[PDB]
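Below you will find one chain, with nothing else, as structure tokens; this is the form deposited in one PDB entry, and questions on how it binds or moves follow later.
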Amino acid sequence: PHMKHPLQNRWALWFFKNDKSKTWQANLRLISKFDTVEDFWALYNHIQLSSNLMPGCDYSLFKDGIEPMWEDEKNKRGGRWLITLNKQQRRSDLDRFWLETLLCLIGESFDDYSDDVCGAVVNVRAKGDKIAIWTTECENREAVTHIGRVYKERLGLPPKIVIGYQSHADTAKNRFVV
């Protein structure tokens, strides 16, 4: 007897401001947690679009229990599929790419490999923006590759627009490419 449609996972949306005059903990804020489709939209419909965030700010969506940091047990051996965007793309592509990324997460769009997904992050910066899907194990070639291929497909990227997977250890080159 569900009135709202339940998700496979409970998710937490975070906000972060890269203020290096403060502590990491002070810069991080939980916006809300949700576990249904309708509650996701209620949240999305009442927060700022990524394109309108101040430079130096992040949004991140992570499974409940995973801290939005690569030091987390779930993120330490992991990596990310990285989407790089020009600042000029901010008003045309950033929001539609971010939302599609969110829908891939809460929709469990990667079949069984969706379990390897930890979360996603969007970085708004003066130099240029970034969207990324974080996965838990950079060595899981099969899982990582499937996620990358479906992601590229869902973003509607043409074949010639190649995206790379970077392990967090290296980020601190591409392991894979689709």
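Shifts are known only where both forms have a C-alpha. Numbers for residues come from their place in the sequence shown, where the first is 1. Superpose the two forms; the largest set of C-alphas matching within 1.5 Å is the rigid core.
Keep in mind the form solved in complex with a partner chain is missing from the figure; the text below concerns it.
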May I ask you to check whether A143 falls inside a 4.5 Å heavy atom distance of its partner chain in the entry with it bound?
-> no
For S60, is any heavy atom within 4.5 Å of its partner chain in the entry with it bound, or not?
-> yes
Should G119 be classed as touching its partner chain in the entry with it bound when contacts are defined as heavy atoms within 4.5 Å?
-> no
Is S51 close enough to its partner chain in the entry with it bound to count, meaning some heavy atom within 4.5 Å?
-> no
If we fit on the core, is the Cα of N18 displaced 2 Å or more between this form and the one not shown?
-> yes
Provide the ranges, sorted by sequence, of consecutive runs with at least 3 residues in which each Cα shifts 2 Å or more between this form and the one not shown, based on a superposition on the core.
-> 18-24
